[PDB]
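Taking it in order: structure first as structure tokens, then the write-up.
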Number of protein chains: 2
Amino acid sequence: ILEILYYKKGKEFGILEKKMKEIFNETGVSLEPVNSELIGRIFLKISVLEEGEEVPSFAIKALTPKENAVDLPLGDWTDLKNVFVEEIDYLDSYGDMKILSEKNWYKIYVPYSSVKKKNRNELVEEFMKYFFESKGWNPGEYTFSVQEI
Amino acid sequence: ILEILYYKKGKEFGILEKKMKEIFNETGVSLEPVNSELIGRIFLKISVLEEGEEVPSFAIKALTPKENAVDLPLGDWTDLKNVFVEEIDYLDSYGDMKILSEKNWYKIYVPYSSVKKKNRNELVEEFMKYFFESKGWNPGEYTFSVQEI
């Protein structure tokens, strides 16, 4: 997973950080920014689909009463008999990428064939254009940093 | 969904709240507490299983490349052909309840037969014992409030 911190250009956060530290030292309570147009933190996971595999259009949360999972692959195709469907989410499309969003956590799915010669920077930069545009914000007014977590 | 705010007994938060408001008025940045032993916010969804249905033991995140979902029920049993399994989560057990946790978001599943004459208060109070014990904290040292959201 990647942790992405974004910031509106020109905004200084030094007095914010000093006051957060002061509040922590007095109350013992650590305060963090609510995601806004000024500042935020998001989490991104990138999955590349193997050649000869289609990108997903829906994410399904299913539940099983079976008491073991030794018949279930993680990260492979299979058939699921007699499961309870709890949630269905339609993925957004941005170019060849499919994007699943849950609050500040994002998962992107890209076809092998499309990202064969692409690095993490190129992917993240495309994702961040999608992200800012999804919020109605101008991407040219932000910087962001990436951390592996 | 329910929003639950918990607080360590005896701790006063009035100066925290005043300083959060001051920081917001100066920086335009709203700060909220990181969940800790002193204070936090969690989200709970309660599902009751119908009579003649087993409680889940695992939650599966599956993806399908199918371009419509009109064959998928929400909140019913079905079979899923040719899906990609991305994640499997084992549910915890607390009495008759099964609990799925993702960071500060919880989903509990209870059998109809067990909660037939139970109200929201009774369920939430059981969940909160589970929650505090899961963190290694003493439930008798906390208060909490519930809000429908």
Side-chain angles (χ1 to χ4, degrees), chain A residues 19-36 40-41 43 61 63 86-87 102-105, chain B residues 1-14 16-24 29-44 46-49 55-57 59 75 89-146 148-149:
Chain A
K19 292 198 166 201
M20 287 173 38
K21 183 150 286 305
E22 288 170 11
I23 294 170
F24 180 65
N25 289 339
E26 176 169 17
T27 71
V29 175
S30 174
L31 298 172
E32 284 280 309
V34 178
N35 283 11
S36 68
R41 181 171 69 171
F43 301 95
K61 294 175 212 182
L63 309 158
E86 189 188 46
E87 307 189 15
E102 49 263 303
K103 55 271 176 307
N104 76 327
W105 290 77
Chain B
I1 183 120
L2 304 173
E3 172 182 89
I4 303 173
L5 307 172
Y6 67 87
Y7 309 94
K8 196 156 200 190
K9 284 173 170 174
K11 194 160 172 66
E12 285 304 316
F13 296 101
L16 178 70
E17 294 160 17
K18 173 143 206 165
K19 292 198 166 201
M20 287 173 38
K21 183 150 286 305
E22 288 170 11
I23 294 170
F24 180 65
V29 175
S30 174
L31 298 172
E32 284 280 309
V34 178
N35 283 11
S36 68
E37 84 182 286
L38 305 174
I39 185 159
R41 181 171 69 171
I42 63 174
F43 301 95
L44 174 69
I46 308 171
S47 296
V48 183
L49 304 147
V55 297
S57 294
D89 278 281
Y90 188 48
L91 279 75
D92 291 339
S93 295
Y94 193 73
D96 298 352
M97 151 187 320
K98 299 304 267 283
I99 300 140
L100 187 57
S101 173
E102 49 263 303
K103 55 271 176 307
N104 76 327
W105 290 77
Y106 291 83
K107 296 171 167 169
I108 66 168
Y109 301 89
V110 285
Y112 169 62
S113 55
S114 290
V115 300
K116 256 157 74 283
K117 312 196 197 186
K118 297 196 184 174
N119 63 59
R120 201 184 75 191
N121 294 15
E122 290 176 277
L123 271 277
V124 173
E125 179 63 83
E126 269 279 282
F127 169 74
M128 290 308 285
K129 275 178 262 258
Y130 163 82
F131 173 81
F132 292 129
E133 292 169 3
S134 77
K135 297 294 180 175
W137 303 333
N138 189 347
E141 292 179 358
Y142 294 83
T143 66
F144 59 86
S145 55
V146 188
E148 301 166 287
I149 46 153

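Letters A, B, ... mirror the listed sequences (proteins, then strands); counts begin at 1. Excluded from the calculations below are hydrogen atoms, water molecules and symmetry mates; all remaining heavy atoms, backbone and side chain alike, are included.
Partners of B:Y7 by ring pair (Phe, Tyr, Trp, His ring centres under 6.0 Å), not counting sequence neighbours, listed by chain and number: B:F13. B:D92 is linked by a side chain to side chain donor-acceptor pair (under 3.5 Å) to B:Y130, counting only residues two or more places apart in sequence or in another chain. Evaluation of the side chain to side chain donor-acceptor pair (under 3.5 Å) rule for B:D96 yields B:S114 as partners, not counting sequence neighbours. Among residues two or more places apart in sequence or in another chain, the side-chain contact (heavy atoms from CB on, under 4.5 Å) test is passed with B:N35 by B:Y6, B:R41, B:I42, B:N104. In this view, B:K116 and B:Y112 satisfy the side-chain contact (heavy atoms from CB on, under 4.5 Å) rule, not counting sequence neighbours. For B:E122, the side chain to side chain donor-acceptor pair (under 3.5 Å) partners at least two apart in sequence or on another chain are B:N119. By the side-chain contact (heavy atoms from CB on, under 4.5 Å) test, B:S113 pairs with B:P111, sequence neighbours left out. For B:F24, there are no ring pair (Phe, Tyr, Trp, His ring centres under 6.0 Å) partners at least two apart in sequence or on another chain. For B:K117, the side-chain contact (heavy atoms from CB on, under 4.5 Å) criterion is met by no residue, not counting sequence neighbours. With sequence neighbours excluded, no residue forms a side chain to side chain donor-acceptor pair (under 3.5 Å) with B:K8.
Checked against the 6.0 Å centroid threshold, B:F127 and B:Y106 count as a close aromatic pair.
When all heavy atoms of B:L16 and B:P33 are compared, the pair lying nearest together is CD2-CG, 4.4 Å. Summarising the geometry of B:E133 relative to B:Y94, their closest heavy-atom pair is OE1-OH, 3.3 Å, with the distance given to 0.1 Å. Scanning both residues, A:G28 and B:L38, for their nearest heavy atoms gives O-CD1, 3.6 Å. The two residues B:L123 and B:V110 have their closest heavy-atom pair at CD1-CG1, 4.0 Å.
Note that OG of A:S30 and NZ of A:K21 are 8.0 Å apart. Values are rounded to the nearest 0.5 Å. Summarising the geometry, atom CG belonging to A:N25 is positioned 10.5 Å from atom CD1 belonging to A:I23; distances are rounded to the nearest 0.5 Å. To the nearest 0.5 Å, the span separating CD1 on B:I149 from CG on B:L2 amounts to 7.5 Å. For the atom pair CG (A:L63) and CD (A:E87), the distance works out to 9.0 Å, reported to the nearest 0.5 Å. Rounding to the nearest 0.5 Å places NZ of A:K61 at 10.5 Å from CG of B:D89. Considering NZ of A:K103 and CZ of A:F43, their distance stands at 9.0 Å, rounded to 0.5 Å.
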_Working note: B:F132 + B:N138, criterion side-chain contact (heavy atoms from CB on, under 4.5 Å); need CA distance, chi angles, decisive distance, verdict._
CA-CA 6 Å; B:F132 292 129; B:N138 189 347; over 6 Å; no
_CA sep, side-chain torsions, deciding dist, call: B:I99, B:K107, side-chain contact (heavy atoms from CB on, under 4.5 Å)_ = CA-CA 6 Å; B:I99 300 140; B:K107 296 171 167 169; over 6 Å; no
*Show your reasoning for whether salt bridge (charged side-chain N to carboxylate O under 4.0 Å, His left out) applies to B:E126 and B:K118.*
CA-CA 11 Å; B:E126 269 279 282; B:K118 297 196 184 174; 5.7 Å; no
*asked:* Could you walk me through whether B:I39 and B:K11 satisfy the side-chain contact (heavy atoms from CB on, under 4.5 Å) test, starting with their C-alpha distance in whole Å, then the side-chain angles of each, then the deciding distance to 0.1 Å, before giving a yes or no?
replied: CA-CA 9 Å; B:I39 185 159; B:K11 194 160 172 66; over 6 Å; no
*So B:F144 and B:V124, side-chain contact (heavy atoms from CB on, under 4.5 Å) or not? Walk me through it.*
CA-CA 10 Å; B:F144 59 86; B:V124 173; 3.8 Å; yes
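Using bins of under 30°, 30° to 60° and over 60° for the plane-to-plane angle, the ring pair B:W137/B:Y142 lands in the parallel bin.
Counting heavy atoms from C-beta outward, B:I1 and B:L44 have side chains that stay 4.5 Å or more apart. Looking at heavy atoms from C-beta onward, A:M20 lies in side-chain contact with B:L31 at the 4.5 angstrom threshold.
Between B:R120 and B:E125 there is no salt bridge, since none of the side-chain N atoms of the basic residue sits less than 4.0 Å from a carboxylate O of the acidic one. Ion pairing of A:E26 with B:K19 is present here, as a side-chain N (NZ or NE/NH1/NH2) and a carboxylate O approach within less than 4.0 Å.
The closest donor-acceptor contact from the side chain of B:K98 to the backbone of B:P56 lies under 3.5 Å.
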